[PDB]
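Heads up, my_file.txt below (compact mmCIF, N, CA and C atoms):
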```txt
# COMPACT_ATOMS: atom_id res chain seq x y z
N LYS A 216 24.06 5.14 -9.60
CA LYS A 216 23.62 4.25 -8.54
C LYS A 216 22.75 4.99 -7.52
N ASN A 217 23.17 6.20 -7.12
CA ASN A 217 22.40 6.93 -6.10
C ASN A 217 21.24 7.76 -6.67
N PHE A 218 21.21 7.98 -7.99
CA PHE A 218 20.18 8.83 -8.55
C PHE A 218 18.80 8.19 -8.48
N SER A 219 18.72 6.86 -8.45
CA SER A 219 17.43 6.20 -8.30
C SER A 219 16.80 6.52 -6.95
N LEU A 220 17.60 6.51 -5.89
CA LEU A 220 17.10 6.92 -4.58
C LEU A 220 16.71 8.39 -4.57
N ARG A 221 17.45 9.23 -5.30
CA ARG A 221 17.05 10.64 -5.39
C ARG A 221 15.68 10.81 -6.07
N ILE A 222 15.45 10.08 -7.16
CA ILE A 222 14.15 10.13 -7.83
C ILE A 222 13.05 9.57 -6.93
N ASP A 223 13.37 8.53 -6.15
CA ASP A 223 12.39 7.98 -5.22
C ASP A 223 12.00 8.99 -4.15
N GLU A 224 12.97 9.75 -3.65
CA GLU A 224 12.67 10.81 -2.69
C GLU A 224 11.78 11.88 -3.31
N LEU A 225 12.09 12.29 -4.54
CA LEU A 225 11.27 13.30 -5.22
C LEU A 225 9.84 12.81 -5.45
N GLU A 226 9.69 11.55 -5.88
CA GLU A 226 8.36 11.01 -6.14
C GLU A 226 7.58 10.79 -4.85
N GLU A 227 8.26 10.48 -3.75
CA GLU A 227 7.58 10.45 -2.46
C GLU A 227 7.10 11.84 -2.07
N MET A 228 7.88 12.87 -2.38
CA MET A 228 7.49 14.23 -2.05
C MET A 228 6.28 14.70 -2.85
N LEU A 229 6.31 14.54 -4.17
CA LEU A 229 5.38 15.27 -5.02
C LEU A 229 4.19 14.46 -5.52
N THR A 230 4.39 13.18 -5.86
CA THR A 230 3.37 12.43 -6.58
C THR A 230 2.16 12.14 -5.70
N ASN A 231 2.39 11.67 -4.48
CA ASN A 231 1.29 11.26 -3.61
C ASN A 231 0.62 12.43 -2.91
N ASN A 232 1.15 13.64 -3.03
CA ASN A 232 0.60 14.78 -2.31
C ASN A 232 -0.74 15.20 -2.90
N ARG A 233 -1.71 15.46 -2.02
CA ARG A 233 -3.04 15.86 -2.47
C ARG A 233 -3.04 17.29 -3.00
N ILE A 234 -2.27 18.18 -2.36
CA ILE A 234 -2.19 19.56 -2.82
C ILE A 234 -1.51 19.65 -4.18
N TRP A 235 -0.53 18.79 -4.43
CA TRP A 235 0.07 18.72 -5.76
C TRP A 235 -0.94 18.23 -6.79
N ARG A 236 -1.79 17.28 -6.42
CA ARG A 236 -2.80 16.79 -7.35
C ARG A 236 -3.84 17.86 -7.65
N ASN A 237 -4.26 18.62 -6.63
CA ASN A 237 -5.30 19.63 -6.81
C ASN A 237 -4.90 20.73 -7.78
N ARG A 238 -3.60 20.95 -7.98
CA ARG A 238 -3.12 21.90 -8.97
C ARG A 238 -2.88 21.28 -10.34
N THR A 239 -3.00 19.96 -10.48
CA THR A 239 -2.62 19.29 -11.73
C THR A 239 -3.58 18.22 -12.23
N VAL A 240 -4.64 17.85 -11.51
CA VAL A 240 -5.50 16.75 -11.96
C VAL A 240 -6.31 17.15 -13.19
N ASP A 241 -6.91 18.34 -13.19
CA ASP A 241 -7.78 18.73 -14.29
C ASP A 241 -7.39 20.09 -14.83
N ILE A 242 -6.10 20.28 -15.08
CA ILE A 242 -5.57 21.54 -15.61
C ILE A 242 -4.90 21.25 -16.94
N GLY A 243 -5.29 22.01 -17.97
CA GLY A 243 -4.67 21.92 -19.27
C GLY A 243 -4.87 20.60 -20.00
N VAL A 244 -6.11 20.15 -20.12
CA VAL A 244 -6.41 18.92 -20.84
C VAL A 244 -6.34 19.21 -22.34
N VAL A 245 -5.51 18.45 -23.05
CA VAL A 245 -5.34 18.60 -24.49
C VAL A 245 -5.69 17.27 -25.15
N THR A 246 -6.58 17.33 -26.14
CA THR A 246 -6.95 16.14 -26.89
C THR A 246 -5.83 15.75 -27.85
N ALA A 247 -5.94 14.55 -28.41
CA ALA A 247 -4.90 14.05 -29.31
C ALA A 247 -4.91 14.79 -30.64
N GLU A 248 -6.10 15.03 -31.20
CA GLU A 248 -6.19 15.70 -32.50
C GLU A 248 -5.75 17.16 -32.40
N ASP A 249 -6.12 17.84 -31.31
CA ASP A 249 -5.70 19.23 -31.13
C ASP A 249 -4.21 19.32 -30.85
N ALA A 250 -3.61 18.28 -30.26
CA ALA A 250 -2.17 18.28 -30.06
C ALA A 250 -1.44 18.02 -31.37
N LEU A 251 -1.97 17.13 -32.21
CA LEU A 251 -1.35 16.87 -33.50
C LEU A 251 -1.46 18.07 -34.43
N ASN A 252 -2.62 18.73 -34.46
CA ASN A 252 -2.82 19.84 -35.38
C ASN A 252 -2.13 21.12 -34.94
N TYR A 253 -1.66 21.20 -33.69
CA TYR A 253 -0.98 22.39 -33.20
C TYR A 253 0.53 22.27 -33.26
N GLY A 254 1.04 21.21 -33.88
CA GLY A 254 2.48 21.04 -33.98
C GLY A 254 3.16 20.63 -32.70
N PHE A 255 2.43 20.08 -31.75
CA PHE A 255 3.04 19.61 -30.51
C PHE A 255 3.91 18.39 -30.77
N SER A 256 5.00 18.28 -30.02
CA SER A 256 5.91 17.16 -30.15
C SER A 256 6.47 16.80 -28.78
N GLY A 257 6.88 15.55 -28.64
CA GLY A 257 7.47 15.11 -27.39
C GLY A 257 6.41 14.79 -26.36
N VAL A 258 6.63 15.27 -25.13
CA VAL A 258 5.79 14.90 -23.99
C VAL A 258 4.36 15.36 -24.19
N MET A 259 4.16 16.49 -24.88
CA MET A 259 2.82 16.98 -25.19
C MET A 259 2.01 15.93 -25.95
N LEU A 260 2.66 15.20 -26.85
CA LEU A 260 1.99 14.07 -27.47
C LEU A 260 1.88 12.90 -26.50
N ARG A 261 2.97 12.61 -25.77
CA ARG A 261 3.01 11.39 -24.97
C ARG A 261 2.14 11.48 -23.73
N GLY A 262 1.82 12.68 -23.28
CA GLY A 262 0.84 12.83 -22.22
C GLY A 262 -0.59 12.70 -22.68
N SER A 263 -0.82 12.74 -23.99
CA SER A 263 -2.16 12.65 -24.55
C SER A 263 -2.48 11.26 -25.09
N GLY A 264 -1.65 10.27 -24.79
CA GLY A 264 -1.88 8.92 -25.25
C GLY A 264 -1.34 8.60 -26.62
N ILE A 265 -0.76 9.57 -27.32
CA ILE A 265 -0.20 9.34 -28.64
C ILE A 265 1.16 8.67 -28.48
N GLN A 266 1.30 7.47 -29.04
CA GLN A 266 2.54 6.72 -28.94
C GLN A 266 3.48 7.20 -30.05
N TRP A 267 4.43 8.05 -29.68
CA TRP A 267 5.35 8.63 -30.66
C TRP A 267 6.62 9.07 -29.95
N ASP A 268 7.74 8.44 -30.30
CA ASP A 268 9.05 8.84 -29.82
C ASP A 268 10.03 8.76 -30.98
N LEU A 269 10.87 9.78 -31.13
CA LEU A 269 11.81 9.81 -32.24
C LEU A 269 13.00 8.90 -32.03
N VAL B 5 47.15 0.01 -25.55
CA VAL B 5 46.38 1.24 -25.52
C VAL B 5 45.69 1.40 -24.17
N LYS B 6 45.26 2.63 -23.86
CA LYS B 6 44.59 2.93 -22.60
C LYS B 6 43.43 3.87 -22.88
N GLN B 7 42.21 3.41 -22.62
CA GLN B 7 41.01 4.19 -22.85
C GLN B 7 40.07 4.01 -21.67
N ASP B 8 38.99 4.77 -21.68
CA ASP B 8 37.93 4.61 -20.68
C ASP B 8 36.97 3.54 -21.17
N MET B 9 36.99 2.39 -20.51
CA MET B 9 36.18 1.24 -20.89
C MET B 9 35.57 0.64 -19.63
N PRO B 10 34.45 -0.07 -19.76
CA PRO B 10 33.94 -0.86 -18.65
C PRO B 10 34.82 -2.07 -18.40
N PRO B 11 34.76 -2.67 -17.20
CA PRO B 11 35.53 -3.91 -16.96
C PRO B 11 34.98 -5.11 -17.72
N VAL B 12 35.62 -6.27 -17.52
CA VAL B 12 35.22 -7.48 -18.24
C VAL B 12 33.84 -7.95 -17.80
N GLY B 13 33.59 -7.95 -16.49
CA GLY B 13 32.30 -8.37 -15.97
C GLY B 13 31.23 -7.31 -15.94
N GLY B 14 31.53 -6.10 -16.41
CA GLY B 14 30.58 -5.01 -16.36
C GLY B 14 30.50 -4.38 -14.99
N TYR B 15 29.63 -3.38 -14.88
CA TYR B 15 29.42 -2.69 -13.62
C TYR B 15 28.29 -3.36 -12.84
N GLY B 16 27.98 -2.80 -11.67
CA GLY B 16 26.96 -3.36 -10.82
C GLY B 16 25.57 -2.97 -11.24
N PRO B 17 24.58 -3.43 -10.47
CA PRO B 17 23.19 -3.11 -10.78
C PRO B 17 22.87 -1.64 -10.54
N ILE B 18 21.95 -1.12 -11.34
CA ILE B 18 21.49 0.26 -11.25
C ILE B 18 19.97 0.26 -11.32
N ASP B 19 19.33 0.87 -10.32
CA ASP B 19 17.88 0.82 -10.19
C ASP B 19 17.21 1.88 -11.05
N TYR B 20 16.03 1.55 -11.57
CA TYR B 20 15.25 2.50 -12.36
C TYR B 20 13.75 2.38 -12.10
N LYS B 21 13.34 1.81 -10.98
CA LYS B 21 11.93 1.56 -10.71
C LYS B 21 11.47 2.35 -9.49
N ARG B 22 10.19 2.73 -9.49
CA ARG B 22 9.61 3.48 -8.39
C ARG B 22 9.55 2.61 -7.14
N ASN B 23 10.00 3.16 -6.01
CA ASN B 23 10.08 2.43 -4.74
C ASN B 23 9.31 3.21 -3.67
N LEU B 24 8.09 2.76 -3.38
CA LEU B 24 7.30 3.28 -2.27
C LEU B 24 7.00 2.14 -1.30
N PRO B 25 7.56 2.15 -0.09
CA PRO B 25 7.50 0.95 0.77
C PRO B 25 6.13 0.68 1.38
N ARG B 26 5.20 1.64 1.36
CA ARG B 26 3.87 1.52 1.96
C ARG B 26 3.99 1.19 3.46
N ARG B 27 4.49 2.18 4.18
CA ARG B 27 4.65 2.08 5.63
C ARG B 27 3.46 2.70 6.33
N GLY B 28 2.98 2.02 7.38
CA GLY B 28 1.87 2.53 8.16
C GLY B 28 0.94 1.46 8.66
N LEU B 29 -0.14 1.87 9.32
CA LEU B 29 -1.14 0.96 9.85
C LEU B 29 -2.40 1.01 9.00
N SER B 30 -3.27 0.03 9.22
CA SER B 30 -4.56 0.01 8.55
C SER B 30 -5.49 1.05 9.16
N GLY B 31 -6.61 1.30 8.47
CA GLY B 31 -7.55 2.32 8.92
C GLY B 31 -8.23 1.98 10.23
N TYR B 32 -8.50 0.70 10.46
CA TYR B 32 -9.16 0.27 11.69
C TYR B 32 -8.31 0.60 12.91
N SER B 33 -6.99 0.43 12.79
CA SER B 33 -6.09 0.68 13.91
C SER B 33 -6.09 2.15 14.32
N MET B 34 -5.93 3.06 13.35
CA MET B 34 -5.88 4.48 13.68
C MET B 34 -7.24 4.99 14.14
N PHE B 35 -8.33 4.49 13.54
CA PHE B 35 -9.65 4.90 13.99
C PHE B 35 -9.93 4.42 15.42
N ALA B 36 -9.51 3.19 15.75
CA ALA B 36 -9.68 2.70 17.11
C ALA B 36 -8.83 3.47 18.10
N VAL B 37 -7.61 3.86 17.69
CA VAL B 37 -6.75 4.67 18.55
C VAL B 37 -7.40 6.03 18.83
N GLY B 38 -7.96 6.65 17.80
CA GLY B 38 -8.65 7.92 17.99
C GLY B 38 -9.87 7.81 18.88
N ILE B 39 -10.65 6.74 18.72
CA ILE B 39 -11.83 6.54 19.56
C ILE B 39 -11.43 6.31 21.01
N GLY B 40 -10.37 5.53 21.24
CA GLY B 40 -9.90 5.32 22.60
C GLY B 40 -9.38 6.59 23.25
N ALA B 41 -8.67 7.42 22.49
CA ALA B 41 -8.21 8.70 23.01
C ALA B 41 -9.39 9.61 23.36
N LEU B 42 -10.42 9.62 22.51
CA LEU B 42 -11.62 10.40 22.79
C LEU B 42 -12.31 9.92 24.07
N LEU B 43 -12.41 8.61 24.26
CA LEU B 43 -13.07 8.08 25.45
C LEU B 43 -12.28 8.40 26.72
N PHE B 44 -10.95 8.29 26.66
CA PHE B 44 -10.12 8.64 27.81
C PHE B 44 -10.25 10.12 28.16
N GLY B 45 -10.23 10.99 27.15
CA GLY B 45 -10.41 12.41 27.40
C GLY B 45 -11.77 12.73 27.98
N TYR B 46 -12.82 12.07 27.48
CA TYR B 46 -14.17 12.30 27.98
C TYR B 46 -14.29 11.88 29.44
N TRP B 47 -13.71 10.73 29.80
CA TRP B 47 -13.76 10.28 31.19
C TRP B 47 -13.01 11.22 32.13
N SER B 48 -11.80 11.64 31.74
CA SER B 48 -11.04 12.55 32.58
C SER B 48 -11.75 13.89 32.73
N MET B 49 -12.36 14.37 31.64
CA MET B 49 -13.09 15.64 31.69
C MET B 49 -14.33 15.53 32.57
N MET B 50 -15.02 14.39 32.54
CA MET B 50 -16.19 14.22 33.40
C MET B 50 -15.80 14.25 34.87
N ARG B 51 -14.67 13.61 35.22
CA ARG B 51 -14.26 13.58 36.62
C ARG B 51 -13.84 14.97 37.10
N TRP B 52 -13.01 15.66 36.30
CA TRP B 52 -12.54 16.98 36.70
C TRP B 52 -13.66 18.00 36.71
N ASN B 53 -14.64 17.89 35.81
CA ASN B 53 -15.75 18.84 35.80
C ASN B 53 -16.68 18.63 36.98
N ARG B 54 -16.91 17.37 37.39
CA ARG B 54 -17.70 17.14 38.60
C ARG B 54 -17.01 17.71 39.83
N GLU B 55 -15.69 17.51 39.94
CA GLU B 55 -14.95 18.08 41.06
C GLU B 55 -15.00 19.61 41.06
N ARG B 56 -14.89 20.22 39.88
CA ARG B 56 -14.95 21.67 39.78
C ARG B 56 -16.33 22.21 40.15
N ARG B 57 -17.39 21.47 39.79
CA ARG B 57 -18.74 21.87 40.20
C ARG B 57 -18.89 21.83 41.71
N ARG B 58 -18.35 20.80 42.36
CA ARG B 58 -18.41 20.73 43.82
C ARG B 58 -17.64 21.89 44.47
N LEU B 59 -16.47 22.22 43.92
CA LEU B 59 -15.69 23.34 44.45
C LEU B 59 -16.44 24.67 44.29
N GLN B 60 -17.09 24.85 43.14
CA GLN B 60 -17.86 26.07 42.90
C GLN B 60 -19.04 26.18 43.86
N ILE B 61 -19.70 25.05 44.15
CA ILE B 61 -20.79 25.05 45.11
C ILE B 61 -20.29 25.43 46.50
N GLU B 62 -19.11 24.92 46.88
CA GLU B 62 -18.53 25.27 48.18
C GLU B 62 -18.22 26.76 48.28
N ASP B 63 -17.65 27.33 47.22
CA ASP B 63 -17.35 28.77 47.23
C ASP B 63 -18.63 29.60 47.28
N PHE B 64 -19.67 29.17 46.57
CA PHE B 64 -20.93 29.90 46.59
C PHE B 64 -21.56 29.88 47.98
N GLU B 65 -21.52 28.73 48.66
CA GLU B 65 -22.09 28.69 50.00
C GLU B 65 -21.22 29.46 51.00
N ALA B 66 -19.92 29.60 50.73
CA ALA B 66 -19.10 30.51 51.52
C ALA B 66 -19.57 31.96 51.36
N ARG B 67 -19.89 32.37 50.13
CA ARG B 67 -20.44 33.71 49.93
C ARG B 67 -21.80 33.87 50.60
N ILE B 68 -22.61 32.80 50.58
CA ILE B 68 -23.91 32.82 51.25
C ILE B 68 -23.73 33.06 52.75
N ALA B 69 -22.73 32.41 53.35
CA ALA B 69 -22.45 32.64 54.76
C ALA B 69 -21.94 34.05 55.02
N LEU B 70 -21.17 34.61 54.08
CA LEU B 70 -20.59 35.93 54.31
C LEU B 70 -21.51 37.10 53.95
N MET B 71 -22.64 36.84 53.30
CA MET B 71 -23.50 37.92 52.79
C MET B 71 -24.07 38.89 53.84
N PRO B 72 -24.65 38.46 54.98
CA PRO B 72 -25.39 39.43 55.81
C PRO B 72 -24.54 40.52 56.45
N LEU B 73 -23.30 40.21 56.83
CA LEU B 73 -22.42 41.23 57.39
C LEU B 73 -22.10 42.30 56.37
N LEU B 74 -21.83 41.90 55.12
CA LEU B 74 -21.60 42.86 54.05
C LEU B 74 -22.85 43.67 53.76
```

With the file now loaded, output its structure as structure tokens.
Amino acid sequence: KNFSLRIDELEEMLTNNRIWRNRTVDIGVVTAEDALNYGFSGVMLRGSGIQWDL
Amino acid sequence: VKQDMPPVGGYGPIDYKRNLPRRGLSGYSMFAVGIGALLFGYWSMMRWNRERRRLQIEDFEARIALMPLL
């Protein structure tokens, strides 16, 4: 019950911050084909637009 | 028997959605507040600087009066 408010506090802290974005907006861009051919699984696929969950 | 089970009606609601209330004012309000603060500061500074110029002129003419004896 209380963990949703905890996640809301964390997302208020980190997501909207501009300094947090400046370290993460254009860092480590991986294409879908290069993620598939490198044996990536999980979030590495799901952050690249590949719809795949076990 | 006795085990760990949920009740007959189940448990209460549990949230899983992002909650950002969007608290604050519009841009026009804060910009107008800043402009009004700037205008108030400019007016107060103009009044105090004119008074300080008059005081400096008075002190300078005091030195003008005191110069020949020195």

Exercise for review: Compile the residues of chain A that lie within 10 Å of chain B, evaluated using only C-alpha atoms, and express the compilation as a list in words.
Suggested key: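 That gives residues 216, 217, 218, 219, 220, 222, 223, 224, 226 and 227 of chain A for chain A.
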
If you count all atoms listed in the file, which residues fall within 8 Å of stretch 246-251 of chain A, apart from same-chain ones fewer than 2 positions away, as a compact mmCIF listing (two decimals) with N, CA and C atoms, in the coordinates of the input?
```
# COMPACT_ATOMS: atom_id res chain seq x y z
N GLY A 243 -5.29 22.01 -17.97
CA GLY A 243 -4.67 21.92 -19.27
C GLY A 243 -4.87 20.60 -20.00
N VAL A 244 -6.11 20.15 -20.12
CA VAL A 244 -6.41 18.92 -20.84
C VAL A 244 -6.34 19.21 -22.34
N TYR A 253 -1.66 21.20 -33.69
CA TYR A 253 -0.98 22.39 -33.20
C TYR A 253 0.53 22.27 -33.26
N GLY A 254 1.04 21.21 -33.88
CA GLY A 254 2.48 21.04 -33.98
C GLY A 254 3.16 20.63 -32.70
N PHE A 255 2.43 20.08 -31.75
CA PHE A 255 3.04 19.61 -30.51
C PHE A 255 3.91 18.39 -30.77
N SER A 256 5.00 18.28 -30.02
CA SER A 256 5.91 17.16 -30.15
C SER A 256 6.47 16.80 -28.78
N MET A 259 4.16 16.49 -24.88
CA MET A 259 2.82 16.98 -25.19
C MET A 259 2.01 15.93 -25.95
N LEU A 260 2.66 15.20 -26.85
CA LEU A 260 1.99 14.07 -27.47
C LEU A 260 1.88 12.90 -26.50
N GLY A 262 1.82 12.68 -23.28
CA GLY A 262 0.84 12.83 -22.22
C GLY A 262 -0.59 12.70 -22.68
N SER A 263 -0.82 12.74 -23.99
CA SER A 263 -2.16 12.65 -24.55
C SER A 263 -2.48 11.26 -25.09
N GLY A 264 -1.65 10.27 -24.79
CA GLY A 264 -1.88 8.92 -25.25
C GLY A 264 -1.34 8.60 -26.62
N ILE A 265 -0.76 9.57 -27.32
CA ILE A 265 -0.20 9.34 -28.64
C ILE A 265 1.16 8.67 -28.48
```

**Study point:** Separation of atom CA of residue A:257 from atom CA of residue A:269, in Å and rounded to one decimal
**Key:**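 Separating atom CA of residue A:257 from atom CA of residue A:269 is a distance of 8.4 Å.
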
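The coordinates place atom N of residue A:266 at 13.1 Å from atom N of residue A:252.
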
Practice item. List every residue of chain A that DSSP, applied to the backbone, labels as alpha helix (DSSP H), and write the result as a list in words. Key: residues 218, 219, 220, 221, 222, 223, 224, 225, 226, 227, 228, 229, 233, 234, 235, 236, 237, 247, 248, 249, 250, 251, 252, 258, 259, 260 and 261 of chain A

Study note, to complete from the structure: atom CA of residue B:61 sits from atom CA of residue B:48 at a separation of 20.2 Å

Grab all the atoms of stretch 239-254 of chain A that the file lists, wrap them in a box along x, y and z, add 5 Å per side, and give me centre plus edge lengths in Å (one decimal) as JSON.
```
{"center_x": -2.3, "center_y": 18.2, "center_z": -22.9, "size_x": 20.9, "size_y": 18.3, "size_z": 34.9}
```

Taking the partial coordinates given, rebuild stretch 222-238 of chain A to contain N, CA, C and O atoms; return it as a compact mmCIF listing (two decimals), keeping the file's coordinate frame.
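This went into rebuild_10.txt:
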```
# COMPACT_ATOMS: atom_id res chain seq x y z
N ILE A 222 15.45 10.08 -7.16
CA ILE A 222 14.15 10.13 -7.83
C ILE A 222 13.05 9.57 -6.93
O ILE A 222 11.92 10.07 -6.94
N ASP A 223 13.37 8.53 -6.15
CA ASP A 223 12.39 7.98 -5.22
C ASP A 223 12.00 8.99 -4.15
O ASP A 223 10.82 9.09 -3.79
N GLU A 224 12.97 9.75 -3.65
CA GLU A 224 12.67 10.81 -2.69
C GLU A 224 11.78 11.88 -3.31
O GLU A 224 10.81 12.34 -2.68
N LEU A 225 12.09 12.29 -4.54
CA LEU A 225 11.27 13.30 -5.22
C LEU A 225 9.84 12.81 -5.45
O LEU A 225 8.88 13.55 -5.22
N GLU A 226 9.69 11.55 -5.88
CA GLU A 226 8.36 11.01 -6.14
C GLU A 226 7.58 10.79 -4.85
O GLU A 226 6.34 10.87 -4.86
N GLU A 227 8.26 10.48 -3.75
CA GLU A 227 7.58 10.45 -2.46
C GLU A 227 7.10 11.84 -2.07
O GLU A 227 6.01 11.99 -1.50
N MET A 228 7.88 12.87 -2.38
CA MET A 228 7.49 14.23 -2.05
C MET A 228 6.28 14.70 -2.85
O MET A 228 5.32 15.23 -2.28
N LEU A 229 6.31 14.54 -4.17
CA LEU A 229 5.38 15.27 -5.02
C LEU A 229 4.19 14.46 -5.52
O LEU A 229 3.09 15.00 -5.62
N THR A 230 4.39 13.18 -5.86
CA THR A 230 3.37 12.43 -6.58
C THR A 230 2.16 12.14 -5.70
O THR A 230 1.01 12.35 -6.11
N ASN A 231 2.39 11.67 -4.48
CA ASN A 231 1.29 11.26 -3.61
C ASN A 231 0.62 12.43 -2.91
O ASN A 231 -0.40 12.21 -2.24
N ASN A 232 1.15 13.64 -3.03
CA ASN A 232 0.60 14.78 -2.31
C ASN A 232 -0.74 15.20 -2.90
O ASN A 232 -0.90 15.27 -4.12
N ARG A 233 -1.71 15.46 -2.02
CA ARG A 233 -3.04 15.86 -2.47
C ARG A 233 -3.04 17.29 -3.00
O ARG A 233 -3.74 17.60 -3.96
N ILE A 234 -2.27 18.18 -2.36
CA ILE A 234 -2.19 19.56 -2.82
C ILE A 234 -1.51 19.65 -4.18
O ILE A 234 -1.86 20.51 -5.00
N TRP A 235 -0.53 18.79 -4.43
CA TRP A 235 0.07 18.72 -5.76
C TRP A 235 -0.94 18.23 -6.79
O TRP A 235 -0.94 18.71 -7.94
N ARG A 236 -1.79 17.28 -6.42
CA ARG A 236 -2.80 16.79 -7.35
C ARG A 236 -3.84 17.86 -7.65
O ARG A 236 -4.23 18.04 -8.81
N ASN A 237 -4.26 18.62 -6.63
CA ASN A 237 -5.30 19.63 -6.81
C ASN A 237 -4.90 20.73 -7.78
O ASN A 237 -5.78 21.39 -8.35
N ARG A 238 -3.60 20.95 -7.98
CA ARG A 238 -3.12 21.90 -8.97
C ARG A 238 -2.88 21.28 -10.34
O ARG A 238 -2.56 22.02 -11.28
```
